[PDB]
Structures are given as structure tokens and as C-alpha cells.
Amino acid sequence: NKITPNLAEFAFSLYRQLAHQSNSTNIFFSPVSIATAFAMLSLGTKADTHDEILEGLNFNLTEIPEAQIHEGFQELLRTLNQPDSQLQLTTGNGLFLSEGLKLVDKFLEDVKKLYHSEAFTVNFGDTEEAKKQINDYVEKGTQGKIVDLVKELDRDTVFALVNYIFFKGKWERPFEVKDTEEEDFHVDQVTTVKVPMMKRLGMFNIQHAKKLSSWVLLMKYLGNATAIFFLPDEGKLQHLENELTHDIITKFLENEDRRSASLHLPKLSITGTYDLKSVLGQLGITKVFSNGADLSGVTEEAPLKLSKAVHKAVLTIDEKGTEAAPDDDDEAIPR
């Protein structure tokens, strides 16, 4: 899939913006879900509004033709929904449209074909009913992990685009629950909490990487996924965060070598909820949220702008594997 290196650099770009936004808190997000939502939205935009979005997702538009971007997403999404038998992985997209809104037919055709979007009509005027239809859809897609996503919803909303993934993978070799023991986790130099620390003696793809000043551990899932964990040496977290690139990840993923190691990894459950406007603005995605946004590819009835772009993601790690689910909620109003 040819949009991959673009998505990997978009992950590191967005990560760095979120870390600079709040540098001492948990971070968890889905680069693929956000890139899917905004690439789908770009089908309804024109001119610089459009180009800012795809460039912000790290596409060069004078290098990759736009048809190939969208077909790249179309295939990505199809692969995501056809995992190996041992991995649970799904994704979907719902486009909740104001009842009565006259759309540009080509938009509705393109989101259905390229992004597999399920279109629904709703009355944003009945705020409790519209919130329930969106939140039920997200709760179903995320298999119960993101509940009551939308709490407040503008009566003048023209559309809400909602994109999710569901992930549940099993470690290729699970931890034994009997071996999990409470240990100290050093949040910072003056703060220690207790955590259930899982452990196993195993053959791991594990190395200490000079360029990152970090241990680098690959944890294979059964089926078509791997988790890569980076443990920075003392004082080196910011350095590690700055120095990750797609070429570095690729080199780690391509190496087959394993060595005997005693791994201790915490069981955990974390969540991120993010307003993406400012961070995506730092990535250059600005006009689509503004009083100049050109969403005339969506509707020619009246100008729009994107009012809201929120991302929520949940992660659970335990002895069996990992479960994770993001959702994007991108809402447009008349401008």
C-alpha cells in the first residue's frame, strides 16, 4: 500500500504536536483513523481548503495524484476489514447528514465507494435523538469501548462524519496471570504509583538502539499486527520522541533476530480525548475550520466550515493481548 509512508510520517508529525501541547500526560491516538476521516472530508473540499488537508496528512500533491490517494485509502480500509483469522480488526465510517440537505451527488458517490461510508439522515433539530443515533453507531463499531461519545451537538449542524476502528489482538505468546505482581512505576523523579507488572522470560526481538538511546521491543500479535515499544534511557525521552522516523521503524520491523530476555510490562488501561483543531492547524490544516472554508464539494446550497474535530481513543493492555478503539467526530455547520 503506497500511502503507508505518508501515514507513518503523519503519525510522527501529529505525535510531536500532541506531546508539545501537553508534555507530561498520557498520549494515545489513531493516525490511521484521523487520516481516513480527513482524507474522506477532502473529497467535499476545493482549492487551498482541499490541498491544505492532504498536505497536512503528509501527501505531496504534485507527486501522488489525488485518485491514487483515495484509492490507497479504499484499499487500506479493505485490508483492515480482512485481517488474519487470529486478529480482530475492523473499521467503518458513518456520515450523518442533516435531513433535507441537498448534497452534491458526486460527494455521496465518492465517500460510499472510496471510504465505504454509511450515509444516514438525521434531524439535528432534535438534539437528543441525533446524539443517540451517532453515539449508538460509535458504540456498536467500537464494540462497547467508546460510549456516549457526543454530549453536546449544535442544532445547526449540517453533517457529522464519524470514523472508528476496533482492534483486539492476542500476544503470540501470552503472559501468565499467575506471574503478574504489583510493582513501582516511576511516573517522574518524585512520583511512584503501583501497577500490576506482567512478566515473561521469552525470545524477543529486543535491542538497545544507539540512535534512539532506547530499548526497542517488538511484540508480535497472532495475525497481522505488531506492537513496538520504546523504553528511553534516563533523560532521553524527548530525544527518543524527536528522532523516530518511518525509516527507523521499517529497519526495526524488518529485523528477524531474537534473543532471550526477561520482559516486565504493565497491565494498563488509558484513554486520550483531543480537540484536533490547533494541532492540525500546526500541521497546516487551517482553512477548512475557518470563515473561508470551501466545502462546496459537499453542498452548493450555502457555504460551510468544519466546526469540530475531536478524536477519542482507548487502550487496554493485559496478559492476553491488547484491545484498542479510536473514534473521530468531525462536524460541519453553515458559515
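Numbers for residues come from their place in the sequence shown, where the first is 1.
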Taking the recorded C-alpha temperature factors, which stretch has the higher mean, 248 to 256 or 157 to 165?
-> 248 to 256
Look over 225 to 233 and 257 to 265 in the entry and identify the one with the greater average Cα temperature factor.
-> 257 to 265
Out of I134, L218, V104, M198, which residue has the highest Cα temperature factor in the PDB record?
-> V104
With respect to the C-alpha temperature factors reported in the PDB entry, which of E176, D126, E139, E118 ranks highest?
-> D126
Taking the chain's C-alpha temperature factors as the reference, tell me which third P303 falls into: lowest, middle or highest.
-> highest
Please place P31 in the lowest, middle or highest third of its chain by C-alpha B factor as given in the entry.
-> lowest
Sorting the chain's modelled residues by C-alpha B-factor, tell me whether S214 ends up in the lowest, middle or highest third.
-> middle
Of the three thirds of Cα B-factor ranks in this chain, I3 occupies the highest
Among the modelled residues of its chain, the C-alpha B-factor of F96 falls in the third labelled lowest
